[PDB]
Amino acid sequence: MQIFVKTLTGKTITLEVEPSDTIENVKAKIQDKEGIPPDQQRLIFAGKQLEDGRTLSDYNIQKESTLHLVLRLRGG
């Protein structure tokens, strides 16, 4: 199954997933392709913040769905 991830820049990538994949797994795939550490990643789908322990199927994320990637910023 394939899904899309886009940033506000408009850049879109395609990920190979299965519905059982955790959000953690998806962040790990983004790290693989984009070099962005999981701790810096916030993913959103249909306005919902996706939490690390849950799966794509928990959020009813289907084939060809688009997730939004927003970077996280933490103080020193």
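In this text, residue numbers run from 1 along the sequence as written.
For the two regions 24-32 and 41-49, the entry's Cα B-factors average higher over 41-49. When all modelled residues of the chain are sorted by CA temperature factor, residue 55 is found within the middle third.
Among the modelled residues of the chain, residue 69 sits in the lowest third by CA temperature factor in this PDB entry. Ranked by Cα temperature factor within the chain, residue 8 sits in the highest third according to the deposited record.
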